[PDB]
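Undergrad: can you look at this? It's an experimental structure, sequence on top.
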Amino acid sequence: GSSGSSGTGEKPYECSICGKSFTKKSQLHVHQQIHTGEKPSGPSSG
Ligand SMILES: [Zn+2]
């Protein structure tokens, strides 16, 4: 978070991966795609 305009009511749809926000659910759905690369898992499970 940040110290400034806290406690306002950011868009109803806010990404958790990056932290972006979207006023249209759909937008978020498609956006999430952008996060189809970086993975928390290092080694490829067998
Ligand atoms: Zn995101």
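TA: Thanks, I have it. Numbering: from 1, shown residues only.
Undergrad: check contacts around the residue most central in space within the chain.
TA: When CA atoms, centre = their mean is applied to the chain, the residue found nearest the centroid is residue 15 (2.1 Å). By CB atoms under 8 Å, 6 or more residues apart in numbering, the residues touching residue 15 are 21-22, 28, 31-32. Where you see a C-beta, it was placed from the backbone N, CA and C, and this is true even at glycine.
Undergrad: same thing with residue 12?
TA: Contact analysis of residue 12 by CB under 8 Å, 6+ apart lists 23, 25.
Undergrad: do you know how far it is from residue 1?
TA: Noted for residue 12: a distance of 17 Å to residue 1, by CB to CB, to the nearest Å.
Undergrad: can you list contacts of the helix or strand harbouring residue 29?
TA: Of the helices and strands defined by DSSP states H and E, residue 29 is found in helix 25-33. Counting contacts by CB under 8 Å, 6+ apart, the residues outside helix 25-33 that touch it are 12-13, 15, 17, 20, 22.
Undergrad: from those, which land in helices?
TA: Secondary structure from DSSP state H places none of the contacts of helix 25-33 in helices.
Undergrad: and the ion, which of those reach it?
TA: 15, 17, 20 (CB under 5 Å from the ion).
Undergrad: out of these, which is nearest to residue 43?
TA: Comparing these against residue 43 with CB to CB picks out residue 17 as the nearest, at 21.3 Å.
Undergrad: touching, the closest one and residue 36? I think so.
TA: No: the pair residue 17 and residue 36 does not pass the contact test of CB atoms under 8 Å, sitting 10.4 Å apart.
Undergrad: so for these two, which residue has more residues nearby?
TA: Between residue 17 and residue 36, counting by other CB atoms under 10 Å, residue 17 is the more crowded of the two (10 against 7).
Undergrad: what residues does that one make contact with?
TA: Shown here is residue 17, whose contacts under the criterion CB under 8 Å, 6+ apart are 32, 35.
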